[PDB]
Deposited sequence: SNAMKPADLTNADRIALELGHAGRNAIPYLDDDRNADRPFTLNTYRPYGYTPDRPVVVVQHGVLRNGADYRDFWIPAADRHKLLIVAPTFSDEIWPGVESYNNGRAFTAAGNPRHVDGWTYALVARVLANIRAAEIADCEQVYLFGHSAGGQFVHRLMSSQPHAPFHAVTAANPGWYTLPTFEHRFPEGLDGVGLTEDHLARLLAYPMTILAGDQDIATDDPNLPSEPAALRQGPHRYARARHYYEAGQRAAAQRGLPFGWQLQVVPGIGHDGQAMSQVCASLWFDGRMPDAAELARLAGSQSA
């Protein structure tokens, strides 16, 4: 008799950290590692945080605590374990393919779970989800931009993909995940992707050259994540211009920060909620 909304109402009603088992993808549970600050009220923002390759959602949720306490944000980190969601295929790439290599419908992709969880937070009356912010670092920045390529944008007020290891390029020339072909996506998905004011957040010290995506499609985008971020940005610029479409993306370089999900989390919080880049002294503190 309990629904996911009922569960969320009971688990997210009080302040503090939590790890909420969630089952939507009938056979694949995951966890919401959450933080609710004292003084959270339902009108305040919800930040969805996506972990990188380590699948350390609890850690990512912890990185956002100081910003949540200052700004009264509800932090939700959908967490996909290596055991239940193995490999880049299940997490980074959204389980886009069946085992036979045929496309699954986009509402079955791992990405589509974000909006469902949000609808449940709203049905639980925990948050009205008017202003939802979506952040992902590394594998989770791969997840976020591919979510934006494949899913409705209505639930999301702001979206930042930080230091993705490599990118799905905005073109039907290559099969997903290298491009948008072979997965039932349309030119409308592409137009909506291009229009959205997504931030690509790139540390200019993310320039080390083992966990770095090293398949040929990743290598073609550049020697390191910082180069790849610039490559993605220009690819979107060209895709929009060849189509005469509006282009909403912003490339935001972070000076002196490398591949550091905690630093990139605090920079993102600063940009979104303080309206500013931290100063050099702060950035040096974070580095």
Unmodelled ranges, which are counted on the deposited sequence from position 1 and given in order: 1 to 7, 32 to 34, 220 to 221, 300 to 304
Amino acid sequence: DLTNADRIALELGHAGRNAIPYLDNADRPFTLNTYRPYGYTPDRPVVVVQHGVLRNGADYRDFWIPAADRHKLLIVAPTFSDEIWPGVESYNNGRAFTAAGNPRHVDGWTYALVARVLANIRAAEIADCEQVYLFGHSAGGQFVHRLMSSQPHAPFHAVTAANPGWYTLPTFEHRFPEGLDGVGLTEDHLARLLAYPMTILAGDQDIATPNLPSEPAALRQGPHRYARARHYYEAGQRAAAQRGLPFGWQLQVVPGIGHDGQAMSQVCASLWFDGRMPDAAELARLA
From here on, numbers count along this sequence of modelled residues.
Residue stretch of maximal mean CA temperature factor, 188 to 196 vs 210 to 218: 210 to 218
Average Cα temperature factor in the PDB entry - higher stretch of 254 to 262, 227 to 235: 254 to 262
Out of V76, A124, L147, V106, highest CA B-factor residue: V106
Chain thirds of CA B-factor: placement of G57: middle
For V132, the third of its chain into which the C-alpha B factor falls: middle
Where the record places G182 (Cα B-factor, split into thirds across the chain): highest
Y22 - which third its CA temperature factor falls in, relative to the rest of the chain: highest
Chain-relative CA temperature factor third for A161: middle
